[PDB]
Amino acid sequence: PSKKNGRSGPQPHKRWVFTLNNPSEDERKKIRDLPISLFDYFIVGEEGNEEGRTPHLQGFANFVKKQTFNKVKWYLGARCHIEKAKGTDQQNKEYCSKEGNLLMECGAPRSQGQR
């Protein structure tokens, strides 16, 4: 299996989020047991405040380096849906905490800069 990568259309970034429905103890443990040094910022939150329904995983991780969607799947796995994050450090940190339940708290408050 050979694949070609470059800078066409979508490009790699230092910010990627992950979301999976009805997360298992194994999957949640894997991501929660991930290398903190690998991501300057790591924030995971659990969302499950509805009886009769299963829990859901929702968190954000800032890649210390530049990685692509397909590549990032090497850690976040294909099982869990990943997407590009947007906003400031508080926007991402608060967004994950919006669930009211924290699954993992590590890394530093990575914010954007441009002005």
# chains A, B, ... in the order shown; residues from 1 in each chain; ligands from 1
$ select_by_dssp --residues "range 9-96 of chain A" --states "helix (DSSP H, G or I)" --output "PyMOL selection string"
chain A and resi 25-32+36-38+69-76+89-96
$ closest_atom_pairs --of "range 45-113 of chain A" --to "range 36-41 of chain A" --cutoff "8 Å" --atoms "only C-alpha atoms" --output "CSV"
residue,atom,partner,partner_atom,distance
A:61,CA,A:41,CA,5.7
A:62,CA,A:41,CA,4.9
A:63,CA,A:39,CA,4.7
A:64,CA,A:39,CA,5.0
A:106,CA,A:41,CA,6.5
A:107,CA,A:41,CA,4.0
A:108,CA,A:41,CA,4.9
A:109,CA,A:41,CA,6.3
A:110,CA,A:41,CA,6.1
$ closest_residue --among "A:76, A:57, A:104, A:43" --to "residue 89 in chain A" --atoms "only C-alpha atoms"
A:43
$ residues_around --residues "residue 59 in chain A" --least-positions-apart "6" --cutoff "9 Å" --atoms "only C-alpha atoms" --output "MDAnalysis selection string"
chainID A and resid 17:19 42:46 92:93 95:97 103:104
$ write_last_selection --atoms "N, CA, C and O atoms" --output "PDB file, in the first residue's frame"
ATOM      1  N   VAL A  17      -8.791  17.904  17.167  1.00  0.00           N
ATOM      2  CA  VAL A  17      -9.743  17.435  18.167  1.00  0.00           C
ATOM      3  C   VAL A  17     -10.212  16.018  17.859  1.00  0.00           C
ATOM      4  O   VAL A  17     -10.076  15.539  16.733  1.00  0.00           O
ATOM      5  N   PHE A  18     -10.764  15.351  18.866  1.00  0.00           N
ATOM      6  CA  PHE A  18     -11.254  13.987  18.703  1.00  0.00           C
ATOM      7  C   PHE A  18     -12.615  13.813  19.371  1.00  0.00           C
ATOM      8  O   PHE A  18     -12.882  14.396  20.423  1.00  0.00           O
ATOM      9  N   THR A  19     -13.473  13.008  18.753  1.00  0.00           N
ATOM     10  CA  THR A  19     -14.807  12.759  19.286  1.00  0.00           C
ATOM     11  C   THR A  19     -15.299  11.368  18.906  1.00  0.00           C
ATOM     12  O   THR A  19     -15.272  10.987  17.735  1.00  0.00           O
ATOM     13  N   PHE A  42      -3.015  19.226  26.229  1.00  0.00           N
ATOM     14  CA  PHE A  42      -3.903  18.070  26.185  1.00  0.00           C
ATOM     15  C   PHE A  42      -5.072  18.247  27.150  1.00  0.00           C
ATOM     16  O   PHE A  42      -4.884  18.308  28.365  1.00  0.00           O
ATOM     17  N   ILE A  43      -6.278  18.327  26.598  1.00  0.00           N
ATOM     18  CA  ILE A  43      -7.478  18.496  27.410  1.00  0.00           C
ATOM     19  C   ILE A  43      -8.606  17.597  26.916  1.00  0.00           C
ATOM     20  O   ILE A  43      -9.074  17.732  25.785  1.00  0.00           O
ATOM     21  N   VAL A  44      -9.040  16.677  27.772  1.00  0.00           N
ATOM     22  CA  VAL A  44     -10.117  15.757  27.424  1.00  0.00           C
ATOM     23  C   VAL A  44     -11.282  15.880  28.400  1.00  0.00           C
ATOM     24  O   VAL A  44     -11.084  16.016  29.606  1.00  0.00           O
ATOM     25  N   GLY A  45     -12.499  15.830  27.867  1.00  0.00           N
ATOM     26  CA  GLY A  45     -13.680  15.938  28.705  1.00  0.00           C
ATOM     27  C   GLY A  45     -14.723  14.889  28.374  1.00  0.00           C
ATOM     28  O   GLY A  45     -14.917  14.544  27.209  1.00  0.00           O
ATOM     29  N   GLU A  46     -15.396  14.381  29.401  1.00  0.00           N
ATOM     30  CA  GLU A  46     -16.423  13.363  29.212  1.00  0.00           C
ATOM     31  C   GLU A  46     -17.818  13.977  29.285  1.00  0.00           C
ATOM     32  O   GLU A  46     -18.111  14.770  30.178  1.00  0.00           O
ATOM     33  N   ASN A  92     -10.970  26.576  23.518  1.00  0.00           N
ATOM     34  CA  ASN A  92     -10.799  25.130  23.448  1.00  0.00           C
ATOM     35  C   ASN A  92     -10.897  24.501  24.836  1.00  0.00           C
ATOM     36  O   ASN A  92     -11.570  23.488  25.026  1.00  0.00           O
ATOM     37  N   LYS A  93     -10.219  25.111  25.803  1.00  0.00           N
ATOM     38  CA  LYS A  93     -10.229  24.615  27.175  1.00  0.00           C
ATOM     39  C   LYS A  93     -11.641  24.643  27.753  1.00  0.00           C
ATOM     40  O   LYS A  93     -12.076  23.690  28.396  1.00  0.00           O
ATOM     41  N   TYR A  95     -14.447  24.851  25.957  1.00  0.00           N
ATOM     42  CA  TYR A  95     -15.294  24.013  25.118  1.00  0.00           C
ATOM     43  C   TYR A  95     -15.333  22.580  25.643  1.00  0.00           C
ATOM     44  O   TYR A  95     -16.401  21.976  25.751  1.00  0.00           O
ATOM     45  N   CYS A  96     -14.162  22.045  25.969  1.00  0.00           N
ATOM     46  CA  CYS A  96     -14.060  20.684  26.482  1.00  0.00           C
ATOM     47  C   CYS A  96     -14.684  20.577  27.870  1.00  0.00           C
ATOM     48  O   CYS A  96     -15.276  19.557  28.218  1.00  0.00           O
ATOM     49  N   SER A  97     -14.547  21.639  28.657  1.00  0.00           N
ATOM     50  CA  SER A  97     -15.093  21.664  30.009  1.00  0.00           C
ATOM     51  C   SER A  97     -16.594  21.932  29.983  1.00  0.00           C
ATOM     52  O   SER A  97     -17.285  21.765  30.990  1.00  0.00           O
ATOM     53  N   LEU A 103     -12.097  14.436  31.707  1.00  0.00           N
ATOM     54  CA  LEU A 103     -11.550  13.087  31.629  1.00  0.00           C
ATOM     55  C   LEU A 103     -10.030  13.108  31.763  1.00  0.00           C
ATOM     56  O   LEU A 103      -9.424  12.139  32.220  1.00  0.00           O
ATOM     57  N   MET A 104      -9.421  14.220  31.363  1.00  0.00           N
ATOM     58  CA  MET A 104      -7.972  14.368  31.443  1.00  0.00           C
ATOM     59  C   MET A 104      -7.572  15.839  31.388  1.00  0.00           C
ATOM     60  O   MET A 104      -8.105  16.606  30.588  1.00  0.00           O
TER      61      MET A 104
END
$ atom_distance --atom1 "CA of residue 33 in chain A" --atom2 "CA of residue 11 in chain A"
27.1 Å
$ closest_residue --among "A:85, A:72, A:80, A:102" --to "residue 12 in chain A" --atoms "only C-alpha atoms"
A:72
$ atom_distance --atom1 "CA of residue 1 in chain A" --atom2 "CA of residue 79 in chain A"
20.1 Å
$ atom_distance --atom1 "CA of residue 66 in chain A" --atom2 "CA of residue 5 in chain A"
13.5 Å
$ select_by_dssp --residues "range 6-50 of chain A" --states "strand (DSSP E)" --output "list in words"
residues 16, 17, 18, 19, 20, 21, 39, 40, 41, 42, 43, 44, 45, 46 and 47 of chain A
$ write_last_selection --atoms "N, CA and C atoms" --output "PDB file, in the first residue's frame"
ATOM      1  N   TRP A  16      -5.681  19.551  16.777  1.00  0.00           N
ATOM      2  CA  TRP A  16      -6.615  18.533  16.305  1.00  0.00           C
ATOM      3  C   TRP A  16      -7.498  18.035  17.443  1.00  0.00           C
ATOM      4  N   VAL A  17      -8.791  17.904  17.167  1.00  0.00           N
ATOM      5  CA  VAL A  17      -9.743  17.435  18.167  1.00  0.00           C
ATOM      6  C   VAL A  17     -10.212  16.018  17.859  1.00  0.00           C
ATOM      7  N   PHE A  18     -10.764  15.351  18.866  1.00  0.00           N
ATOM      8  CA  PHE A  18     -11.254  13.987  18.703  1.00  0.00           C
ATOM      9  C   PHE A  18     -12.615  13.813  19.371  1.00  0.00           C
ATOM     10  N   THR A  19     -13.473  13.008  18.753  1.00  0.00           N
ATOM     11  CA  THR A  19     -14.807  12.759  19.286  1.00  0.00           C
ATOM     12  C   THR A  19     -15.299  11.368  18.906  1.00  0.00           C
ATOM     13  N   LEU A  20     -15.750  10.611  19.902  1.00  0.00           N
ATOM     14  CA  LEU A  20     -16.250   9.261  19.670  1.00  0.00           C
ATOM     15  C   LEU A  20     -17.482   8.983  20.528  1.00  0.00           C
ATOM     16  N   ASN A  21     -18.483   8.349  19.926  1.00  0.00           N
ATOM     17  CA  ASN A  21     -19.716   8.023  20.635  1.00  0.00           C
ATOM     18  C   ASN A  21     -19.565   6.720  21.414  1.00  0.00           C
ATOM     19  N   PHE A  39       2.148  16.395  23.079  1.00  0.00           N
ATOM     20  CA  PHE A  39       1.219  17.490  22.829  1.00  0.00           C
ATOM     21  C   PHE A  39       1.388  18.595  23.867  1.00  0.00           C
ATOM     22  N   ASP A  40       1.818  19.766  23.412  1.00  0.00           N
ATOM     23  CA  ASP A  40       2.020  20.905  24.301  1.00  0.00           C
ATOM     24  C   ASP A  40       0.777  21.162  25.146  1.00  0.00           C
ATOM     25  N   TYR A  41      -0.383  20.808  24.605  1.00  0.00           N
ATOM     26  CA  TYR A  41      -1.645  21.004  25.308  1.00  0.00           C
ATOM     27  C   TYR A  41      -2.567  19.802  25.118  1.00  0.00           C
ATOM     28  N   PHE A  42      -3.015  19.226  26.229  1.00  0.00           N
ATOM     29  CA  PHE A  42      -3.903  18.070  26.185  1.00  0.00           C
ATOM     30  C   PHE A  42      -5.072  18.247  27.150  1.00  0.00           C
ATOM     31  N   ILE A  43      -6.278  18.327  26.598  1.00  0.00           N
ATOM     32  CA  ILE A  43      -7.478  18.496  27.410  1.00  0.00           C
ATOM     33  C   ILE A  43      -8.606  17.597  26.916  1.00  0.00           C
ATOM     34  N   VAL A  44      -9.040  16.677  27.772  1.00  0.00           N
ATOM     35  CA  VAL A  44     -10.117  15.757  27.424  1.00  0.00           C
ATOM     36  C   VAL A  44     -11.282  15.880  28.400  1.00  0.00           C
ATOM     37  N   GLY A  45     -12.499  15.830  27.867  1.00  0.00           N
ATOM     38  CA  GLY A  45     -13.680  15.938  28.705  1.00  0.00           C
ATOM     39  C   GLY A  45     -14.723  14.889  28.374  1.00  0.00           C
ATOM     40  N   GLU A  46     -15.396  14.381  29.401  1.00  0.00           N
ATOM     41  CA  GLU A  46     -16.423  13.363  29.212  1.00  0.00           C
ATOM     42  C   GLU A  46     -17.818  13.977  29.285  1.00  0.00           C
ATOM     43  N   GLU A  47     -18.672  13.605  28.336  1.00  0.00           N
ATOM     44  CA  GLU A  47     -20.034  14.121  28.291  1.00  0.00           C
ATOM     45  C   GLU A  47     -21.049  12.991  28.433  1.00  0.00           C
TER      46      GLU A  47
END
$ closest_residue --among "A:94, A:31, A:51, A:111" --to "residue 74 in chain A" --atoms "only C-alpha atoms"
A:31
$ decode --residues "range 3-83 of chain A" --atoms "C-alpha atoms" --output "PDB file, in the first residue's frame"
ATOM      1  CA  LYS A   3       0.138   6.752  -0.623  1.00  0.00           C
ATOM      2  CA  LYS A   4       1.159  10.235  -1.767  1.00  0.00           C
ATOM      3  CA  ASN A   5       1.111  13.222   0.588  1.00  0.00           C
ATOM      4  CA  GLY A   6       1.850  16.909   0.100  1.00  0.00           C
ATOM      5  CA  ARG A   7       0.309  20.336   0.644  1.00  0.00           C
ATOM      6  CA  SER A   8      -2.767  20.074  -1.579  1.00  0.00           C
ATOM      7  CA  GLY A   9      -6.016  21.535  -0.281  1.00  0.00           C
ATOM      8  CA  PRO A  10      -5.977  20.617   3.427  1.00  0.00           C
ATOM      9  CA  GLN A  11      -2.677  21.067   5.265  1.00  0.00           C
ATOM     10  CA  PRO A  12      -1.260  19.789   8.582  1.00  0.00           C
ATOM     11  CA  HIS A  13      -1.640  21.836  11.765  1.00  0.00           C
ATOM     12  CA  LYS A  14      -0.680  21.819  15.447  1.00  0.00           C
ATOM     13  CA  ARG A  15      -4.290  21.530  16.607  1.00  0.00           C
ATOM     14  CA  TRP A  16      -6.615  18.533  16.305  1.00  0.00           C
ATOM     15  CA  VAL A  17      -9.743  17.435  18.167  1.00  0.00           C
ATOM     16  CA  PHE A  18     -11.254  13.987  18.703  1.00  0.00           C
ATOM     17  CA  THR A  19     -14.807  12.759  19.286  1.00  0.00           C
ATOM     18  CA  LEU A  20     -16.250   9.261  19.670  1.00  0.00           C
ATOM     19  CA  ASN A  21     -19.716   8.023  20.635  1.00  0.00           C
ATOM     20  CA  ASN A  22     -19.977   5.531  23.498  1.00  0.00           C
ATOM     21  CA  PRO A  23     -16.230   5.400  24.267  1.00  0.00           C
ATOM     22  CA  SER A  24     -14.809   2.211  25.776  1.00  0.00           C
ATOM     23  CA  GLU A  25     -12.586   1.988  28.855  1.00  0.00           C
ATOM     24  CA  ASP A  26      -9.823   0.741  26.558  1.00  0.00           C
ATOM     25  CA  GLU A  27     -10.054   3.607  24.066  1.00  0.00           C
ATOM     26  CA  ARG A  28     -10.501   6.259  26.757  1.00  0.00           C
ATOM     27  CA  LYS A  29      -7.531   4.804  28.636  1.00  0.00           C
ATOM     28  CA  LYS A  30      -5.359   4.821  25.513  1.00  0.00           C
ATOM     29  CA  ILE A  31      -5.974   8.496  24.750  1.00  0.00           C
ATOM     30  CA  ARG A  32      -5.823   9.419  28.436  1.00  0.00           C
ATOM     31  CA  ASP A  33      -2.570   7.464  28.707  1.00  0.00           C
ATOM     32  CA  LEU A  34      -1.095   9.249  25.689  1.00  0.00           C
ATOM     33  CA  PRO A  35       2.258  11.079  25.911  1.00  0.00           C
ATOM     34  CA  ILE A  36       1.781  14.563  27.356  1.00  0.00           C
ATOM     35  CA  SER A  37       5.172  15.659  26.026  1.00  0.00           C
ATOM     36  CA  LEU A  38       3.908  14.817  22.539  1.00  0.00           C
ATOM     37  CA  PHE A  39       1.219  17.490  22.829  1.00  0.00           C
ATOM     38  CA  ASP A  40       2.020  20.905  24.301  1.00  0.00           C
ATOM     39  CA  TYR A  41      -1.645  21.004  25.308  1.00  0.00           C
ATOM     40  CA  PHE A  42      -3.903  18.070  26.185  1.00  0.00           C
ATOM     41  CA  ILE A  43      -7.478  18.496  27.410  1.00  0.00           C
ATOM     42  CA  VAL A  44     -10.117  15.757  27.424  1.00  0.00           C
ATOM     43  CA  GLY A  45     -13.680  15.938  28.705  1.00  0.00           C
ATOM     44  CA  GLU A  46     -16.423  13.363  29.212  1.00  0.00           C
ATOM     45  CA  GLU A  47     -20.034  14.121  28.291  1.00  0.00           C
ATOM     46  CA  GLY A  48     -22.673  11.882  29.839  1.00  0.00           C
ATOM     47  CA  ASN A  49     -25.435  13.655  31.748  1.00  0.00           C
ATOM     48  CA  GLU A  50     -28.361  11.914  30.053  1.00  0.00           C
ATOM     49  CA  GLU A  51     -29.991   8.792  31.492  1.00  0.00           C
ATOM     50  CA  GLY A  52     -30.821   6.041  29.017  1.00  0.00           C
ATOM     51  CA  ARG A  53     -28.099   7.219  26.649  1.00  0.00           C
ATOM     52  CA  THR A  54     -24.445   6.195  26.370  1.00  0.00           C
ATOM     53  CA  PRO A  55     -21.469   8.457  27.185  1.00  0.00           C
ATOM     54  CA  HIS A  56     -19.515  10.451  24.600  1.00  0.00           C
ATOM     55  CA  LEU A  57     -15.847  11.427  24.337  1.00  0.00           C
ATOM     56  CA  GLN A  58     -14.930  15.001  23.413  1.00  0.00           C
ATOM     57  CA  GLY A  59     -11.541  16.644  23.853  1.00  0.00           C
ATOM     58  CA  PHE A  60      -8.817  18.696  22.188  1.00  0.00           C
ATOM     59  CA  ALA A  61      -5.087  18.065  21.784  1.00  0.00           C
ATOM     60  CA  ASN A  62      -2.473  20.497  20.475  1.00  0.00           C
ATOM     61  CA  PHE A  63       0.215  18.744  18.433  1.00  0.00           C
ATOM     62  CA  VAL A  64       3.721  19.932  19.306  1.00  0.00           C
ATOM     63  CA  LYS A  65       4.528  19.653  15.600  1.00  0.00           C
ATOM     64  CA  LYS A  66       2.750  19.799  12.239  1.00  0.00           C
ATOM     65  CA  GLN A  67       0.641  16.738  11.431  1.00  0.00           C
ATOM     66  CA  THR A  68      -2.009  15.855   8.850  1.00  0.00           C
ATOM     67  CA  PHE A  69      -5.495  14.417   9.341  1.00  0.00           C
ATOM     68  CA  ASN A  70      -4.599  10.944   8.077  1.00  0.00           C
ATOM     69  CA  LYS A  71      -1.286  11.036   9.943  1.00  0.00           C
ATOM     70  CA  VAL A  72      -2.839  12.233  13.202  1.00  0.00           C
ATOM     71  CA  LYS A  73      -5.026   9.131  12.953  1.00  0.00           C
ATOM     72  CA  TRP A  74      -1.889   7.215  13.928  1.00  0.00           C
ATOM     73  CA  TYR A  75      -2.505   8.293  17.523  1.00  0.00           C
ATOM     74  CA  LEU A  76      -6.168   9.293  17.752  1.00  0.00           C
ATOM     75  CA  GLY A  77      -6.983   6.189  15.734  1.00  0.00           C
ATOM     76  CA  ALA A  78      -9.519   5.961  12.918  1.00  0.00           C
ATOM     77  CA  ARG A  79     -12.182   4.652  15.297  1.00  0.00           C
ATOM     78  CA  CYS A  80     -12.475   8.121  16.827  1.00  0.00           C
ATOM     79  CA  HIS A  81     -13.575  10.966  14.552  1.00  0.00           C
ATOM     80  CA  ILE A  82     -11.022  13.784  14.444  1.00  0.00           C
ATOM     81  CA  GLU A  83     -11.425  17.358  13.206  1.00  0.00           C
TER      82      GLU A  83
END
